[PDB]
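Scroll down for the structure; my scribbles are underneath it.
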Amino acid sequence: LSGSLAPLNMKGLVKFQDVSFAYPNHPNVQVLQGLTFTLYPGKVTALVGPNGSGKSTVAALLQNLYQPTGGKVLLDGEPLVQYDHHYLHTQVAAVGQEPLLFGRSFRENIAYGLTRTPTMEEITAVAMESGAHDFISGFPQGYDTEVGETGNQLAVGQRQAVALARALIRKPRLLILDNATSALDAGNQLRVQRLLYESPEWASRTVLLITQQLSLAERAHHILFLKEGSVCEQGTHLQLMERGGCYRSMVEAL
Ligand SMILES: Nc1ncnc2c1ncn2[C@@H]1O[C@H](COP(=O)(O)OP(=O)(O)OP(=O)(O)O)[C@@H](O)[C@H]1O
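Going by the entry's author numbering, the sequence shown opens with residue 467, and the numbers climb by one from there.
Shown next as C-alpha cells:
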C-alpha cells in the first residue's frame, strides 16, 4: 500500500536495484539504465562523474520525486512509494547546488521541515558548521532577517551554507548532497565533510556526496563513479587508483 510505512526504527540502508530512468517529458531519451548500488549507514558515499552522467537524476529519484521506469529504489528493503511522504521528508534531507531560500527568514530556512522549535544555540551550532553564522549575523535582524531584505543578492556559497544548516539540524538518516558544497569556501568544504566523516552522530547515518571535485570525493568512505547512466566502478580512493579505469583517468587528467 502506498504511503503506509513510517517505522519506529530507521537504519537508512538505501539500494538502487537495476534502476533505469527517463524523464516523462522525454521518455525516449534514456538517462539511467542498469544502475545498482547500496549506500550503507555510517559511510559517506561519494558519487562522481562527468556532465550528463545522471548524478542529479539519481538524487531526484532518491528523494522520491520520480519513480524509476524500471528496477527498484529501496529504503531498508522497501520501495520509497510505500513510505509516508512527510515521514520520508523528516528522515531524508536533500540539498541542491542552488538551494531555493526565498519566501522566509534565515531561521525558518534552517528550521525547515522540523516539527519542534529549535533554540538559538541549535540554530547557531549548525550554521557555524556550514560557515553561515558570521554573514547571517551581519544582516540587520540576524537569523530573523527575511531573504531578500539583506541589502544585496546572496552568493551561491552563502545560499549553500544556509541550506546545509537546514540539512544538519534535521538529524536525517539519509543526507543527499547534490553538489551542495560546490561554491563553499575550501576550508568550509572540508570542515563539513570532516563532521560527516568523523563525528559519532553521523556514524549511524547515510550520506550521499554527489560532487565533481576530486579533493572532496577522495575523502569519502566509498566512491561510486557514474558513467552513461550507470556505475562504471566503485571502491575506496586508493582501490580505484590501483587498477586504473574511470576514476584514475579523471584524477590523472585533472
Ligand atoms: N527536468 C528534465 N527534463 C528533461 N531532461 C533532463 C531534466 N533534468 C535533467 N535532464 C537530462 O538528463 C541528463 C542527466 O542530467 P543530470 O543533471 O542528472 O546529470 P549530472 O551528472 O548531474 O550533470 P552535471 O554534473 O553537469 O549537473 C542530462 O543529459 C540532462 O539534459
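We put the beta carbon where it would ideally sit given N, CA and C, even for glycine.
Open item on the list: With the cut-off set at 9 angstroms, would you say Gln624 and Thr647 are in Cβ contact?
Closed with: In the sequence shown, counting from the first residue as 1, residue 624 sits at position 158. In the sequence shown, counting from the first residue as 1, residue 647 sits at position 181. No.
Open item on the list: I need the boundaries of the beta strand (DSSP E) containing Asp644, first residue and last residue.
Closed with: Here residue 644 refers to the residue found at position 178 of the sequence shown. Start and end: 640 to 644.
Task: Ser715 Cβ short of 8 angstroms to ligand 1 heavy atom set - done: The residue given as residue 715 occupies position 249 in the sequence shown. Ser715 has its CB no nearer than 8 angstroms to any heavy atom of ligand 1.
- [ ] For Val613, collect the residues of the same chain with a Cβ closer than 8 angstroms to its Cβ; drop the 5 residues on either side in sequence, then sort them by chain order.
- [x] For this step, residue 613 is matched to residue 147 along the sequence shown. Short of 8 angstroms from the beta carbon of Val613, and not among the five residues preceding or following it, lie these beta carbons of its own chain, in chain order: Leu567, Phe568, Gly569, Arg570, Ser571, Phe572, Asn575, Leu620.
Task: Beta-carbon proximity check, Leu643 vs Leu692, cutoff 9 angstroms - done: Here the question's residue 643 lines up with position 177 in the sequence shown. Here the question's residue 692 lines up with position 226 in the sequence shown. No; because the gap between Cβ atoms is not below 9 angstroms, this pair is not in contact.
Task: Continuous beta strand (DSSP E) assignments of at least 3 residues falling wholly in the region 501 to 539 - done: DSSP runs (the beta strand (DSSP E)) wholly in the region 501 to 539: 510 to 514.
Open item on the list: Could you check whether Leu554 and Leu540 sit closer than 9 angstroms to each other, using their CB atoms as the reference points?
Closed with: What you label residue 540 is simply residue 74 of the sequence shown in a count that begins at 1. What you label residue 554 is simply residue 88 of the sequence shown in a count that begins at 1. No Cβ-Cβ contact shorter than 9 angstroms links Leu540 with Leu554.
Open item on the list: Tell me which residues share the same chain as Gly478 and place their Cβ nearer than 7 angstroms to its Cβ, disregarding the 5 neighbours each side in the sequence.
Closed with: Mapped onto the sequence shown, residue 478 falls at position 12. Shown here for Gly478: same chain residues with a beta carbon closer than 7 angstroms to its own, the five before and five after excluded, namely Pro507, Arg639, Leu640, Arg671, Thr672 in chain order.
TODO: May I have the straight-line CA-CA distance separating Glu664 from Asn494, to the nearest angstrom?
DONE: Along the sequence shown, read from residue 1 onward, the residue named residue 664 stands at position 198. Along the sequence shown, read from residue 1 onward, the residue named residue 494 stands at position 28. Cα to Cα, the separation comes out at about 44 angstroms.
- [ ] Could you work out which residue in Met594, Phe487, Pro584, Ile602 is closest to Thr535 when comparing CA atoms only?
- [x] As a first step, residue 535 must be located in the sequence shown, where it is residue number 69. Ranking the options by Cα distance to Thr535, first place goes to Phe487.
Task: Residue range of the alpha helix (DSSP H) that includes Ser715 - done: Indexing the sequence shown from 1 puts residue 715 at position 249. From DSSP, the alpha helix (DSSP H) with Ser715 extends over 712 to 719.
TODO: Tell me where the alpha helix (DSSP H) around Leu546 begins and ends.
DONE: Counting from 1 along the sequence shown, the entry for residue 546 is found at position 80. Taken as a continuous stretch (DSSP letters only), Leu546 belongs to no alpha helix (DSSP H), as it is neither H nor E.
Task: Residues near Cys712 by beta carbon distance below 7 angstroms, same chain, minus five either side - done: The count along the sequence shown starts at 1 and reaches residue 712 at position 246. Answer for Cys712: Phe691, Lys693, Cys698, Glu699, listed in chain order.
TODO: For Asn517, count neighbouring C-beta atoms within 10 Å of its own C-beta (all shown protein chains included) and say buried if the count is 16 or more, exposed if not.
DONE: If you number the sequence shown from 1, residue 517 lands on position 51. Exposed, since its Cβ has fewer than 16 Cβ neighbours within 10 Å.
- [ ] Using 10 angstroms around the beta-carbon of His492, count the other beta-carbons present and answer buried if the total reaches 16, otherwise exposed.
- [x] In the sequence shown, residue 492 corresponds to position 26, counting from 1. By the 10 Å Cβ count, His492 comes out exposed.
Task: Nearest residue (CA-CA) to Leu527, options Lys509, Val510, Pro490 - done: Translated into positions along the sequence shown, residue 527 becomes position 61. The residue from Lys509, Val510, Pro490 with its alpha-carbon nearest to that of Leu527 is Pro490.
Open item on the list: Can you give me the C-alpha to C-alpha distance between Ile589 and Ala472, rounded to a whole angstrom?
Closed with: Working through the sequence shown from its first residue, we reach residue 589 at position 123. Working through the sequence shown from its first residue, we reach residue 472 at position 6. Those two C-alpha atoms are separated by around 27 angstroms.
Open item on the list: Quick check: the Cα distance between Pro666 and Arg660, rounded to an integer number of angstroms?
Closed with: As a position in the sequence shown, residue 666 is number 200, starting the count at 1. As a position in the sequence shown, residue 660 is number 194, starting the count at 1. Whole-angstrom Cα-Cα distance: 11 angstroms.
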